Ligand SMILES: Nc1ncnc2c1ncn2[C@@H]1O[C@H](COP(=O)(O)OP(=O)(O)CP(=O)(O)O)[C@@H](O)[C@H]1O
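This document starts with one chain, in the form deposited without this ligand, laid out as structure tokens.
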């Protein structure tokens, strides 16, 4: 039990750890599908490109916090094949001591093949992700002390519930960050994820969906959480406090819409890194908005670069020189 050497500002990121394997088929899938007998297909596609991206929401968020110089621990389940991904993350300052490594299953994987007309054939292999339910946050606390925040990201549904319950039991501040799981969890399951959250993150459609499925009003939710953070795509972000105060921050203008994948994760990482560095709500949202645009301008989710001077200049363009100065003061 670590009593004398506890961590000072650690964000523990729970959620999915996966990779994405993306292949291109130069022709049309319809060429083999049209003559096919659909009750027992035999389809074989000669592809001409393979791209592999490191991912999972927890991997993406931990990567970004690490790159930005935050203190971060990745807490999710992966397979033995996680080894190279572990080295990648450690090189960016991510503590991976509390990643559970399955004895039997491989790291989760999304595989997608896309044809010339944008038809798609995909698979989802959850693998080791299902073992995240076996992770004990109590073990993290024993090792490094209470984290400053535990992010409850999209994951094995049971793990999301168990992690939330354990944060309540242990008295750990948590962020409810269910993102895409809102479109698959029941109202009952979603209601279990919310009470006591320091932060609730969603996009605007997901916010509406949360209210619809839970049967809760906005007021019912606000009475249970310390801050609602709702991203609005090109319209920016709303930060809504339970006192009825709203802070709205616009986006950092992009130079390309290269790939929206991982942008939400990047916003959350930048925002929470700002919060852990002592920035207020507005400044933290400004930082999150910069990290979001860097990811938007990059193919994949962890394939973006961090350049300090470019960040300062772009923050100044979007938000003025004073805001930029205050943000970069806590960065390097």
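Rigid core (definition): largest C-alpha set, two forms, superposition within 1.5 Å. Residue numbers count along the first chain shown, from 1.
- The higher RMS C-alpha distance to the shown form in 4 other deposited structures of this protein, out of 53-61 and 38-46, belongs to 38-46, with every structure fitted on the core.
- The higher RMS C-alpha distance to the shown form in 4 other deposited structures of this protein, out of 205-213 and 132-140, belongs to 205-213, with every structure fitted on the core.
- Comparing 294-302 with 56-64, the stretch with the higher mean C-alpha B-factor in the PDB entry is 294-302.
- For the pair 146-154 and 86-94, the mean Cα B-factor is higher in 86-94.
- Of the candidates 178, 76, 126, 253, it is 253 whose Cα B-factor is highest according to the PDB record.
- For the set 216, 161, 201, 174, the PDB entry puts the maximum C-alpha B factor at 216.
- Ranked against the other modelled residues of its chain, the C-alpha B-factor of residue 276 as given in the entry falls in the highest third.
- Ranked against the other modelled residues of its chain, the C-alpha B-factor of residue 322 as given in the entry falls in the middle third.
- Residue 188: CA B factor in the highest third of modelled residues in this chain (values from the PDB entry).
- Ranked by C-alpha B-factor against the other modelled residues of its chain, residue 134 falls in the middle third.
- The deposited CA B-factor of residue 34 belongs to the highest third of values across its chain.
Here the subject shifts to the form deposited with this ligand bound, a form of this protein not shown in this document.
- Here is the short version: of 164, 95, 231, 102, the single residue with a heavy atom within 4.5 Å of this ligand in the deposited complex is 231.
- Though the partner is left out of this view, residue 284 does not reach within 4.5 Å of this ligand in the deposited complex, counting heavy atoms only.
- Taking non-hydrogen atoms only, residue 293 approaches this ligand to within 4.5 angstroms in the deposited complex.
- Not displayed here, this ligand is approached by residue 252 to within 4.5 Å at the level of heavy atoms in the deposited complex.
- Contact check for residue 289: a heavy atom falls within 4.5 Å of this ligand in the deposited complex.
- The three residues 260, 264 and 267 all sit with a heavy atom within 4.5 Å of this ligand in the deposited complex.
- Here the chain stands alone, but in the deposited complex its contact with this ligand, taken as any heavy atom within 4.5 Å, falls in 231-239 among 76-84, 190-198, 138-146, 231-239.
- Counting a residue when any of its non-hydrogen atoms is within 4.5 Å of this ligand in the deposited complex, the one hit in 189-228 is 203.
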